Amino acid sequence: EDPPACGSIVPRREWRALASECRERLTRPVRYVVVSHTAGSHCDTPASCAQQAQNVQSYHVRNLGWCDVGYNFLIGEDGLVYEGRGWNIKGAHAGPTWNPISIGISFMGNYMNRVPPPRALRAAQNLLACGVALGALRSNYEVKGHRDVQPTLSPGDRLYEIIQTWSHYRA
């Protein structure tokens, strides 16, 4: 009889993310998962990645004047998952069509020529299994690369090639 079931996530306060002001919700169970990259520098330790998660949030809130960081979750090369808007709140990662109906996860860095480590890949796959275990994602949920839905190079050639092999990938 195991109820909680799923995953390990670095909470917002742990990375000192500003309080969010997004109130728009998704509808669980969510059908779609969109994978992106940050396109920025990558990080490999908890200390650097929480820094970065704060940098990312800063750009979206400071500059773009957003209600909170665009992604629902972020993926560090430290192999931890940073919580973004989370499972329940509509993100700003894929535009008007995909945002209202998906969870956006972004790997922190640039995978045009570089692969994320095995630990970052396990961190994201285990996070999805957790989303299913919680009923936040549909059991038969579909993974899209960002470039599948927006014109962009994101999530980078190397990461796009990996996510394509995934059990739930459907272009």
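Numbers for residues come from their place in the sequence shown, where the first is 1.
In this entry, 23 to 31 shows the higher mean Cα temperature factor of the pair 124 to 132 and 23 to 31. Averaged over CA atoms, B-factors in the entry run higher in 5 to 13 than in the other of 5 to 13 and 148 to 156. You'll see in the entry that, of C49, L64, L137, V69, the Cα B factor peaks at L64. When the modelled residues of the chain are ordered by their C-alpha B factor, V143 lands in the middle third. Among the modelled residues of its chain, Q54 has a C-alpha B-factor that falls in the highest third according to the deposited record. Among all modelled residues in its chain, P116 ranks in the middle third by Cα B-factor.
When the modelled residues of the chain are ordered by their C-alpha B factor, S106 lands in the lowest third. Ranked by Cα temperature factor within the chain, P96 sits in the highest third according to the deposited record.
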